[PDB]
Amino acid sequence: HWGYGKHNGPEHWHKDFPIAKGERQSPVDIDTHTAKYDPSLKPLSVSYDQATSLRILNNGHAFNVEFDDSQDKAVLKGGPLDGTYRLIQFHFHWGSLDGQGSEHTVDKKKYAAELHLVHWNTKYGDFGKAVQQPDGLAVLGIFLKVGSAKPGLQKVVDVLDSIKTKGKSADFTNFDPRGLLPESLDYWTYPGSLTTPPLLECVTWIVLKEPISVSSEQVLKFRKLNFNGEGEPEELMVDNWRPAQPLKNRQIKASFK
Ligand SMILES: S=c1[nH]c2ccccc2s1
Ligand SMILES: [Zn+2]
């Protein structure tokens, strides 16, 4: 099935998922000089104080930290969004080397990794209905660069040894995603898609300008995960990023002058 290799990677996805060549695909290069400051954007509100994580899972493509989204607990609102969007999971994309790994780029610059906090529009009742809607999802994207360690990431790093291979999962309660956010909430926003199959065009992207720093040791631990399942030949989980896709005349808006 789909993946990140020569015979099943991004350049192949369109055969099973023809929307891969659609009009609002992600990620994109963010040309900072062409993005326009928008005064109509309201302040961005990230309210993660009551977030309740449940579990972490290796799905053969990345790892997902899942949240109990049955009550309004961890919500994103404001900015380009109408109403409230509820956090359901986060995951990362990263490289085999520090000079690549992010999905969005900034004036063609690639970061070592990118964090996606996935939220669904509460107007639609749950995630599954939300991904049938052009305003169903909001994904908060955060770049990672290699430098000083991110202490709030260490709990994730330390659990990865227990979910090395595809299909493994572990209990993962009391994880605070506030520990993964940079100081500034300045952002770029544009309409796009999921960056993995099924590549659904339901996302309002909100990409923070300020990266977080993580240590070389932290990202090296991400690169020790496996795409394959237990008892299968080892394929390290690296380069699980889709490259930038055509903007197709969409407009990227900036929240900062
Ligand atoms: S980026 C994003 N990749 C996925 C995959 C499944 C569900 C939501 C999302 S958002
Ligand atoms: Zn993603």
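Positions are given from 1 along the sequence. Numbering of ligands and ligand atoms starts at 1, following listing order. The figures here come from the full heavy-atom set of this structure, side chains too, leaving out hydrogens, waters and symmetry mates.
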*Are any non-hydrogen side-chain atoms of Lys108 and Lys110 less than 4.5 angstrom apart?*
no
*For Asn59 and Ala62, indicate whether the former's side chain and the latter's backbone hold a donor-acceptor pair under 3.5 Å.*
yes
*Which of the listed options, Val131, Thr195, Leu194, holds the heavy atom that is closest to atom 9 (C) of ligand 1?*
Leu194
*contact_flag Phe90 ligand 1 heavy-atom lt 4.0 Å*: no
*Is the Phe256 to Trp188 ring centre distance short of 6.0 Å?*
yes
*Distance filter under 4.0 Å to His116 heavy atoms, resulting ligand 1 atoms*: 1 (S)
*At a 4.0 Å threshold, what atoms of ligand 1 neighbour a non-hydrogen atom of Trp205?*
1 (S)
*asked:* Before we go on, tell me: are the rings of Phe90 and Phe175 under 6.0 Å apart, centre to centre?
replied: yes
*May I ask you to list the protein N, O or S atoms found at less than 2.8 Å from the Zn ion (ligand 2)?*
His91 NE2, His93 NE2, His116 ND1
*Which residue from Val203, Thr196, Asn59 reaches closest to atom 3 (N) of ligand 1 through any of its heavy atoms?*
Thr196
*Distance to 0.1 Å, residue and atom name: give those for the protein heavy atom nearest to atom 7 (C) of ligand 1.*
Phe127 CZ, 3.4 Å
Sequence neighbours left out, cut at 3.5 Å: what donor-acceptor pairs do the side chains of residues 192-207 make with other protein atoms?
residue	atom	partner	partner atom	Å
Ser193	OG	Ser26	N	2.9
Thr195	OG1	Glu103	OE1	2.5
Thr195	OG1	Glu103	OE2	3.3
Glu201	OE2	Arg24	N	3.0
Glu201	OE2	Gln25	NE2	3.0
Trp205	NE1	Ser26	OG	3.0
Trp205	NE1	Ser193	O	2.9

_Protein contact to atom 10 (S) of ligand 1 [nearest heavy atom, distance to 0.1 Å]_ = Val118 CG2, 3.5 Å
*Would you mind telling me if ligand 1 is within reach of the side chain of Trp120, the backbone, both or neither, using heavy atoms under 4.0 Å?*
neither
_Closest to atom 2 (C) of ligand 1 (judged by heavy-atom distance), picking from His91, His93, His61, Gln89_ = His91
*Do we get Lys109 above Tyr111's six-membered ring, with its NZ or CZ under 6.0 Å from the centre and within 45° of the axis?*
yes
*Under 4.5 Å between any side-chain heavy atoms of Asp239 and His93, yes or no?*
no
With a 3.5 Å cut-off and sequence neighbours excluded, list the donor-acceptor pairs that the side chains of residues 139-154 form with protein atoms.
residue	atom	partner	partner atom	Å
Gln154	OE1	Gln218	NE2	3.0
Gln154	NE2	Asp158	OD1	2.9

*Ring geometry between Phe63 and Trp94 (parallel below 30°, tilted from 30 to 60°, perpendicular above 60°)*: tilted
_Does anything in residues 8-34 form a ring pair (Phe, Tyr, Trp, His ring centres under 6.0 Å)? List the pairs, not counting sequence neighbours._
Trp2-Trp13, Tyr4-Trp13
